[PDB]
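Engineer: File work.csv follows (CSV, C-alpha atoms and all ligand atoms):
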chain,number,residue,atom,x,y,z
A,3,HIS,CA,15.1,0.2,2.6
A,4,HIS,CA,12.1,-2.0,1.9
A,5,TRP,CA,8.4,-2.6,2.5
A,6,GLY,CA,6.7,-2.3,5.9
A,7,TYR,CA,3.7,-0.7,7.6
A,8,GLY,CA,5.1,2.7,8.1
A,9,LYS,CA,4.0,6.0,6.6
A,10,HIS,CA,6.8,5.9,4.0
A,11,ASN,CA,6.8,2.2,3.2
A,12,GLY,CA,3.3,1.1,4.0
A,13,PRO,CA,0.6,-0.7,2.0
A,14,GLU,CA,-0.1,2.3,-0.1
A,15,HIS,CA,3.5,2.2,-1.4
A,16,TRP,CA,3.8,-1.5,-2.1
A,17,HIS,CA,2.6,-1.3,-5.8
A,18,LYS,CA,5.8,0.4,-6.8
A,19,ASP,CA,7.9,-2.7,-6.0
A,20,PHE,CA,5.1,-5.2,-6.4
A,21,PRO,CA,2.8,-4.2,-9.3
A,22,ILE,CA,0.5,-7.1,-8.6
A,23,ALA,CA,-0.7,-5.1,-5.5
A,24,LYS,CA,-3.3,-3.6,-7.9
A,25,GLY,CA,-4.3,-7.0,-9.3
A,26,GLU,CA,-7.6,-8.6,-9.8
A,27,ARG,CA,-7.7,-11.0,-6.9
A,28,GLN,CA,-6.0,-9.2,-4.0
A,29,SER,CA,-6.6,-9.8,-0.3
A,30,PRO,CA,-7.9,-8.9,2.2
A,31,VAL,CA,-11.4,-7.9,1.4
A,32,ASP,CA,-14.5,-6.8,3.3
A,33,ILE,CA,-17.0,-9.7,3.7
A,34,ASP,CA,-20.5,-8.3,3.1
A,35,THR,CA,-22.7,-10.9,4.8
A,36,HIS,CA,-25.8,-10.0,2.8
A,37,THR,CA,-24.0,-10.4,-0.5
A,38,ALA,CA,-22.2,-13.6,0.2
A,39,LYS,CA,-23.9,-16.6,-1.4
A,40,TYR,CA,-24.7,-19.7,0.5
A,41,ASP,CA,-23.4,-22.7,-1.5
A,42,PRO,CA,-25.0,-26.0,-0.6
A,43,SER,CA,-22.3,-27.6,-2.7
A,44,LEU,CA,-19.5,-26.7,-0.3
A,45,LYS,CA,-18.4,-29.5,1.9
A,46,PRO,CA,-17.5,-29.3,5.6
A,47,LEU,CA,-13.9,-28.4,6.4
A,48,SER,CA,-11.6,-31.3,7.4
A,49,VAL,CA,-8.9,-30.2,9.8
A,50,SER,CA,-6.5,-33.0,10.8
A,51,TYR,CA,-3.9,-31.5,13.2
A,52,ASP,CA,-3.5,-34.4,15.6
A,53,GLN,CA,-0.1,-35.3,14.3
A,54,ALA,CA,1.2,-31.7,13.9
A,55,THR,CA,4.9,-31.1,14.7
A,56,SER,CA,5.8,-27.5,15.5
A,57,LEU,CA,9.4,-26.6,15.3
A,58,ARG,CA,10.3,-23.0,15.9
A,59,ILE,CA,9.0,-19.5,16.3
A,60,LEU,CA,10.7,-16.6,14.5
A,61,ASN,CA,10.5,-12.8,14.3
A,62,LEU,CA,10.5,-12.0,10.6
A,63,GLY,CA,10.3,-8.2,11.1
A,64,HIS,CA,6.8,-7.8,9.9
A,65,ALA,CA,5.3,-10.5,12.1
A,66,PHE,CA,6.3,-13.7,13.9
A,67,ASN,CA,5.8,-17.2,12.5
A,68,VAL,CA,5.3,-20.6,14.2
A,69,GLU,CA,6.8,-23.0,11.8
A,70,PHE,CA,5.8,-26.7,11.4
A,71,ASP,CA,7.4,-29.8,9.9
A,72,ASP,CA,5.8,-30.1,6.4
A,73,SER,CA,7.9,-33.0,5.1
A,74,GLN,CA,5.0,-35.4,5.4
A,75,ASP,CA,1.2,-35.2,5.8
A,76,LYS,CA,1.2,-34.6,9.5
A,77,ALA,CA,-1.0,-31.5,9.8
A,78,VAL,CA,-3.4,-31.1,6.8
A,79,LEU,CA,-6.4,-29.3,5.6
A,80,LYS,CA,-8.9,-31.0,3.2
A,81,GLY,CA,-12.5,-30.6,2.2
A,82,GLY,CA,-14.4,-27.3,2.0
A,83,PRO,CA,-13.8,-25.7,-1.4
A,84,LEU,CA,-10.5,-27.5,-1.7
A,85,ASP,CA,-9.5,-30.3,-4.1
A,86,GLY,CA,-6.5,-32.2,-2.7
A,87,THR,CA,-4.5,-32.1,0.4
A,88,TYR,CA,-2.9,-29.0,1.9
A,89,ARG,CA,-0.1,-29.2,4.5
A,90,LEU,CA,0.3,-26.7,7.3
A,91,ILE,CA,3.6,-24.9,7.1
A,92,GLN,CA,3.2,-21.9,9.5
A,93,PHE,CA,0.8,-19.6,11.2
A,94,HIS,CA,1.1,-16.0,12.2
A,95,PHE,CA,-1.1,-13.0,13.3
A,96,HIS,CA,-1.8,-9.4,12.3
A,97,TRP,CA,-2.8,-7.0,15.1
A,98,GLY,CA,-3.4,-3.4,15.8
A,99,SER,CA,-2.2,-0.7,18.2
A,100,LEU,CA,-5.7,-0.5,19.6
A,101,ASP,CA,-8.4,-3.1,20.2
A,102,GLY,CA,-10.6,-1.6,17.6
A,103,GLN,CA,-8.4,-2.5,14.7
A,104,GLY,CA,-5.9,-5.2,13.7
A,105,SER,CA,-7.7,-7.7,11.5
A,106,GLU,CA,-7.1,-7.7,7.7
A,107,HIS,CA,-10.5,-9.1,6.6
A,108,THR,CA,-13.5,-7.2,7.9
A,109,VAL,CA,-17.1,-8.4,8.2
A,110,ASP,CA,-19.7,-5.8,7.2
A,111,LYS,CA,-16.9,-3.3,7.8
A,112,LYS,CA,-16.3,-4.5,11.3
A,113,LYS,CA,-12.7,-4.7,12.3
A,114,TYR,CA,-11.4,-7.2,14.9
A,115,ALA,CA,-8.4,-6.9,17.3
A,116,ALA,CA,-6.3,-9.4,15.3
A,117,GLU,CA,-6.4,-12.1,12.7
A,118,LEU,CA,-4.8,-15.5,12.8
A,119,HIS,CA,-3.6,-17.0,9.5
A,120,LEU,CA,-2.8,-20.7,9.2
A,121,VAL,CA,-1.0,-21.2,5.9
A,122,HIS,CA,-1.1,-24.5,4.0
A,123,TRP,CA,0.2,-25.5,0.6
A,124,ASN,CA,-1.1,-28.0,-2.0
A,125,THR,CA,1.0,-31.2,-1.9
A,127,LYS,CA,0.5,-31.8,-5.6
A,128,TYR,CA,3.1,-29.1,-6.2
A,129,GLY,CA,5.9,-30.7,-4.1
A,130,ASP,CA,7.1,-27.7,-2.1
A,131,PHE,CA,5.9,-24.3,-0.8
A,132,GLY,CA,8.0,-22.4,-3.3
A,133,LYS,CA,6.3,-24.1,-6.3
A,134,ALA,CA,2.9,-23.8,-4.8
A,135,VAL,CA,2.9,-20.0,-4.5
A,136,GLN,CA,3.3,-19.9,-8.3
A,137,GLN,CA,-0.1,-21.7,-8.8
A,138,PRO,CA,-3.6,-20.3,-8.6
A,139,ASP,CA,-4.7,-23.1,-6.3
A,140,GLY,CA,-1.3,-23.4,-4.5
A,141,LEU,CA,-2.2,-22.2,-1.0
A,142,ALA,CA,-5.1,-22.4,1.4
A,143,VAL,CA,-5.1,-20.0,4.3
A,144,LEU,CA,-7.5,-20.4,7.2
A,145,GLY,CA,-8.3,-17.0,8.7
A,146,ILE,CA,-9.6,-16.7,12.3
A,147,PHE,CA,-10.7,-13.4,13.9
A,148,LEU,CA,-9.7,-12.5,17.5
A,149,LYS,CA,-11.8,-10.4,19.7
A,150,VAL,CA,-10.8,-9.0,23.1
A,151,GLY,CA,-12.6,-10.7,26.0
A,152,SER,CA,-11.9,-13.9,27.9
A,153,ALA,CA,-8.3,-15.3,27.7
A,154,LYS,CA,-7.6,-18.1,25.3
A,155,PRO,CA,-5.7,-20.9,27.2
A,156,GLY,CA,-4.3,-22.5,24.1
A,157,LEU,CA,-2.6,-19.2,23.1
A,158,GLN,CA,-0.7,-18.5,26.3
A,159,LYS,CA,2.2,-20.7,25.2
A,160,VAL,CA,2.8,-18.4,22.3
A,161,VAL,CA,2.4,-15.3,24.4
A,162,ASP,CA,5.0,-16.4,27.0
A,163,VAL,CA,7.8,-16.9,24.5
A,164,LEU,CA,7.5,-13.6,22.7
A,165,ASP,CA,10.0,-12.0,25.1
A,166,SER,CA,12.7,-14.3,23.6
A,167,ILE,CA,12.1,-13.2,20.0
A,168,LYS,CA,11.5,-9.5,20.6
A,169,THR,CA,13.6,-8.3,17.7
A,170,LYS,CA,13.8,-9.1,14.0
A,171,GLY,CA,15.9,-12.2,13.2
A,172,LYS,CA,15.5,-13.8,16.6
A,173,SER,CA,14.2,-17.4,16.7
A,174,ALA,CA,13.5,-19.9,19.5
A,175,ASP,CA,12.7,-23.6,19.6
A,176,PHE,CA,8.9,-24.1,19.8
A,177,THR,CA,8.1,-27.8,20.0
A,178,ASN,CA,5.0,-29.7,20.9
A,179,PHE,CA,2.6,-26.8,20.3
A,180,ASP,CA,-0.9,-28.0,19.4
A,181,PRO,CA,-2.6,-25.6,16.9
A,182,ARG,CA,-6.0,-27.2,17.7
A,183,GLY,CA,-6.1,-24.9,20.8
A,184,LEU,CA,-6.6,-21.9,18.5
A,185,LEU,CA,-9.7,-23.1,16.7
A,186,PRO,CA,-13.3,-21.9,17.5
A,187,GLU,CA,-16.1,-24.3,18.2
A,188,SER,CA,-17.7,-23.9,14.8
A,189,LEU,CA,-16.1,-24.4,11.4
A,190,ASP,CA,-18.6,-22.5,9.4
A,191,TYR,CA,-16.8,-20.3,6.9
A,192,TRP,CA,-16.8,-17.9,3.9
A,193,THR,CA,-14.4,-18.6,1.0
A,194,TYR,CA,-13.1,-16.6,-1.9
A,195,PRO,CA,-10.1,-16.7,-4.3
A,196,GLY,CA,-7.4,-14.3,-3.0
A,197,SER,CA,-3.7,-13.6,-2.5
A,198,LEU,CA,-1.1,-13.3,0.1
A,199,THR,CA,-1.5,-10.1,2.1
A,200,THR,CA,2.2,-9.3,2.2
A,201,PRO,CA,4.7,-8.9,-0.6
A,202,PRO,CA,5.1,-10.6,-2.9
A,203,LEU,CA,1.3,-10.5,-2.9
A,204,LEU,CA,1.0,-13.5,-5.1
A,205,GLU,CA,-2.6,-14.5,-6.2
A,206,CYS,CA,-2.3,-18.1,-5.2
A,207,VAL,CA,-4.6,-18.3,-2.2
A,208,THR,CA,-8.0,-19.9,-1.6
A,209,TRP,CA,-9.2,-18.1,1.5
A,210,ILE,CA,-11.2,-19.8,4.2
A,211,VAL,CA,-12.3,-17.3,6.8
A,212,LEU,CA,-14.1,-18.7,9.8
A,213,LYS,CA,-17.4,-17.0,10.9
A,214,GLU,CA,-16.8,-17.5,14.6
A,215,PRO,CA,-14.1,-15.4,16.3
A,216,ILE,CA,-12.0,-16.7,19.2
A,217,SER,CA,-11.6,-14.6,22.3
A,218,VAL,CA,-8.3,-13.5,23.8
A,219,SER,CA,-7.6,-11.3,26.8
A,220,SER,CA,-6.4,-7.7,26.8
A,221,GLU,CA,-3.3,-9.0,28.6
A,222,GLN,CA,-2.6,-11.5,25.8
A,223,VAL,CA,-2.9,-9.0,23.0
A,224,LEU,CA,-0.9,-6.4,24.9
A,225,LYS,CA,2.1,-8.7,24.8
A,226,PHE,CA,1.9,-8.9,21.0
A,227,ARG,CA,2.3,-5.1,21.0
A,228,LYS,CA,5.6,-5.3,22.8
A,229,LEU,CA,7.4,-6.9,19.8
A,230,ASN,CA,9.7,-4.9,17.6
A,231,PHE,CA,9.9,-4.5,13.8
A,232,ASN,CA,13.6,-3.6,14.2
A,233,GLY,CA,16.5,-5.8,14.8
A,234,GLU,CA,18.5,-5.7,18.1
A,235,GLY,CA,20.8,-2.7,18.5
A,236,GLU,CA,18.6,-0.7,16.1
A,237,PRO,CA,16.1,2.1,17.0
A,238,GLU,CA,13.0,0.6,18.6
A,239,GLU,CA,9.8,0.5,16.6
A,240,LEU,CA,6.9,-1.4,18.1
A,241,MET,CA,5.4,-4.1,16.0
A,242,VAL,CA,1.8,-2.9,15.7
A,243,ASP,CA,-0.8,-2.4,13.0
A,244,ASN,CA,0.9,-4.9,10.7
A,245,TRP,CA,-2.3,-5.3,8.7
A,246,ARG,CA,-3.2,-4.5,5.1
A,247,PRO,CA,-6.4,-2.6,4.4
A,248,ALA,CA,-9.3,-4.2,2.5
A,249,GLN,CA,-8.9,-4.3,-1.3
A,250,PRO,CA,-11.5,-4.2,-4.1
A,251,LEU,CA,-13.5,-7.4,-4.5
A,252,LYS,CA,-13.7,-6.8,-8.3
A,253,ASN,CA,-14.9,-9.8,-10.3
A,254,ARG,CA,-15.2,-12.1,-7.4
A,255,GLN,CA,-18.0,-13.8,-5.3
A,256,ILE,CA,-17.7,-14.7,-1.7
A,257,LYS,CA,-19.4,-18.0,-0.9
A,258,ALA,CA,-20.7,-19.1,2.5
A,259,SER,CA,-20.9,-22.6,3.9
A,260,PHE,CA,-23.9,-21.6,6.0
A,261,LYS,CA,-27.1,-19.7,5.7
A,301,ZN,ZN,-1.2,-13.1,7.3
Could you render the structure from this file as structure tokens?
Structural biologist:
Amino acid sequence: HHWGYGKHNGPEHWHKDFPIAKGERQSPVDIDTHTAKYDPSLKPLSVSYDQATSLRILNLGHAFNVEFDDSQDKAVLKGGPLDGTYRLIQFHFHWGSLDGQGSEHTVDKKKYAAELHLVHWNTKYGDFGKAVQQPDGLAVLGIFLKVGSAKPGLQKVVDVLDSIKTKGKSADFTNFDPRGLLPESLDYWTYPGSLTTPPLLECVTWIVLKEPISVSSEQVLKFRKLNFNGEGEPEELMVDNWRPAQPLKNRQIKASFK
């Protein structure tokens, strides 16, 4: 028995095991485009993924991760509202059971079909485990997915999902270039947030891109065939693994564009 996205262990139940769920800087949040403030001080994002080394793709039960080698500054994120170098460690998605829902962040209450999260940690802290204990430990790039034209760079991920259908399954996933998942523009909003899953730690500096990237209905359909359960257990489709928007409270969302 543990947390999940069901009716008896869903987001509304998390606070019982993780009190920080009712914290002051929880994520996700609704981005009100007319309240976000343009900040001329914000610098352009610097994404250097040319030397990225993907290693494996694993079904964690609540989502699947595509892990990268973070033993050196191979794939890093710099600039923007960040101070220092952040290394990419893994990326994952959250999606819905229908095309009208699935994203965690919303824009003027608009929900997208899915949301991609590219997780990076601040190298000044040594390792990921130490970074999550700091207020500026992580820097997560969020990208919205809308249903429309297929995204070529995502097909490689889609085709291997059959091999990691159930919880605990993993597969080698080398030579995947994350640059194929980025939109044309890097304009973004940013705000201080948390992880969206337990342990819900408030160590994130969120960088949500304005431009969504289009994927086909066929591609998203395959995400919906994954299982929350482990092999040999009752089947429960991995869908709607998103947390609803939380109170913004004492925070301001800044935009890199006007
Ligand atoms: Zn996420």
Engineer: Please return as number ranges by chain the residues found within 12 Å of ligand ZN 301 (chain A), counting all atoms listed in the file.
Structural biologist: A: 29-30, 64-67, 92-97, 104-107, 116-122, 142-147, 197-201, 203, 207, 209, 211, 244-246
Engineer: Looking at A:258, A:47, A:251, A:206, which one is nearest to residue 135 of chain A, with distances taken over all atoms listed in the file?
Structural biologist: A:206
Engineer: Between atom CA of residue 137 of chain A and atom CA of residue 184 of chain A, what is the spacing in Å?
Structural biologist: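 Atom CA of residue 137 of chain A lies at a distance of 28.1 Å from atom CA of residue 184 of chain A.
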Engineer: So how many Å separate atom CA of residue 253 of chain A and atom CA of residue 193 of chain A, to one decimal?
Structural biologist: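 Separation of atom CA of residue 253 of chain A and atom CA of residue 193 of chain A: 14.3 Å.
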Engineer: In Å, with one decimal, what is the gap from atom CA of residue 175 of chain A to atom CA of residue 59 of chain A?
Structural biologist: 6.4 Å
Engineer: Which residue gives the smallest distance to residue 236 of chain A among A:259, A:169, A:136, A:53, with all atoms listed in the file counted?
Structural biologist: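 Ranking A:259, A:169, A:136, A:53 by distance to residue 236 of chain A, first place goes to A:169.
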Engineer: For a quick check of understanding, using all atoms listed in the file, which of A:202, A:196, A:25, A:42 has the smallest distance to residue 139 of chain A?
Structural biologist: A:196
Engineer: Find the residues around residue 60 of chain A up to 8 Å (only C-alpha atoms counted), leave out those fewer than 3 positions away in its own chain, and share them as a list in words.
Structural biologist: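 Answer for this query is residues 66, 67, 68, 69, 167, 171, 172, 173 and 174 of chain A.
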Engineer: Using all atoms listed in the file, which of the listed residues (A:243, A:261, A:80, A:127) sits closest to residue 210 of chain A?
Structural biologist: A:80
Engineer: Taking all atoms listed in the file into account, name the residue in A:148, A:46, A:71, A:40 that is nearest to residue 188 of chain A.
Structural biologist: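 Ranking A:148, A:46, A:71, A:40 by distance to residue 188 of chain A, first place goes to A:46.
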Engineer: Set the distance at 8 Å and use all atoms listed in the file: which residues neighbour segment 72-76 of chain A once local chain neighbours fewer than 3 positions away are removed? I'd like the list as a list in words.
Structural biologist: residues 50, 51, 52, 53, 54, 55, 89, 90 and 91 of chain A
Engineer: With distances taken over all atoms listed in the file, which of A:149, A:254, A:170, A:15 is nearest to residue 194 of chain A?
Structural biologist: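 The shortest atom-to-atom distance to residue 194 of chain A comes from A:254.
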Engineer: Quick one: residues within 8 Å of residue 111 of chain A, all atoms listed in the file, excluding same-chain residues fewer than 4 positions away - as an MDAnalysis selection string?
Structural biologist: chainID A and resid 32:34
Engineer: Distance cut-off 6 Å, centre (-8.6, -2.0, 14.1) in file coordinates, counting all atoms listed in the file: which residues qualify? Return them as a PyMOL selection string.
Structural biologist: chain A and resi 98+102-104+113-115
Engineer: May I have the protein, DNA and RNA residues with any atom at most 9 Å from the point (-5.5, -2.1, -4.6), counting all atoms listed in the file, written as a PyMOL selection string?
Structural biologist: chain A and resi 14+17+22-26+28-29+248-250
Engineer: Since the input is missing atoms for segment 61-82 of chain A, could you rebuild it with N, CA and C atoms and give the result as a CSV table (one decimal), in the frame of the given file?
Structural biologist:
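File result-v4.csv, as written:
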chain,number,residue,atom,x,y,z
A,61,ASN,N,10.9,-14.2,14.6
A,61,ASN,CA,10.5,-12.8,14.3
A,61,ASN,C,11.0,-12.5,13.0
A,62,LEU,N,10.1,-12.3,12.0
A,62,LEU,CA,10.5,-12.0,10.6
A,62,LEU,C,10.6,-10.5,10.3
A,63,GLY,N,10.3,-9.7,11.3
A,63,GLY,CA,10.3,-8.2,11.1
A,63,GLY,C,9.0,-7.6,10.9
A,64,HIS,N,8.1,-8.4,10.2
A,64,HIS,CA,6.8,-7.8,9.9
A,64,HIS,C,5.7,-8.6,10.7
A,65,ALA,N,6.1,-9.7,11.3
A,65,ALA,CA,5.3,-10.5,12.1
A,65,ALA,C,6.1,-11.7,12.6
A,66,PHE,N,5.6,-12.6,13.4
A,66,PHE,CA,6.3,-13.7,13.9
A,66,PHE,C,5.6,-14.9,13.3
A,67,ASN,N,6.4,-16.0,13.0
A,67,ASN,CA,5.8,-17.2,12.5
A,67,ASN,C,6.0,-18.4,13.4
A,68,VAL,N,5.1,-19.3,13.5
A,68,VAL,CA,5.3,-20.6,14.2
A,68,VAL,C,5.3,-21.7,13.2
A,69,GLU,N,6.6,-22.1,12.9
A,69,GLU,CA,6.8,-23.0,11.8
A,69,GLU,C,6.5,-24.5,12.1
A,70,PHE,N,6.0,-25.3,11.2
A,70,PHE,CA,5.8,-26.7,11.4
A,70,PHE,C,6.5,-27.5,10.4
A,71,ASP,N,6.7,-28.8,10.8
A,71,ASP,CA,7.4,-29.8,9.9
A,71,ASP,C,6.4,-30.1,8.8
A,72,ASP,N,6.7,-29.8,7.6
A,72,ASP,CA,5.8,-30.1,6.4
A,72,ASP,C,6.5,-31.0,5.4
A,73,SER,N,7.2,-32.0,6.0
A,73,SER,CA,7.9,-33.0,5.1
A,73,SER,C,7.1,-34.2,4.9
A,74,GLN,N,5.9,-34.3,5.6
A,74,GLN,CA,5.0,-35.4,5.4
A,74,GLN,C,3.6,-34.8,5.8
A,75,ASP,N,2.6,-35.6,5.5
A,75,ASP,CA,1.2,-35.2,5.8
A,75,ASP,C,0.9,-35.4,7.2
A,76,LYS,N,1.5,-34.5,8.1
A,76,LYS,CA,1.2,-34.6,9.5
A,76,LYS,C,0.1,-33.7,9.9
A,77,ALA,N,0.0,-32.5,9.5
A,77,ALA,CA,-1.0,-31.5,9.8
A,77,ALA,C,-1.6,-31.0,8.5
A,78,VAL,N,-2.8,-31.5,8.1
A,78,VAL,CA,-3.4,-31.1,6.8
A,78,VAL,C,-4.8,-30.6,6.9
A,79,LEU,N,-5.1,-29.9,5.8
A,79,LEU,CA,-6.4,-29.3,5.6
A,79,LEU,C,-7.0,-29.9,4.3
A,80,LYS,N,-8.2,-30.4,4.4
A,80,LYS,CA,-8.9,-31.0,3.2
A,80,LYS,C,-10.4,-30.5,3.3
A,81,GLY,N,-11.1,-30.9,2.2
A,81,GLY,CA,-12.5,-30.6,2.2
A,81,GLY,C,-12.8,-29.1,1.9
A,82,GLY,N,-14.0,-28.7,2.3
A,82,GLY,CA,-14.4,-27.3,2.0
A,82,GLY,C,-14.4,-27.1,0.5
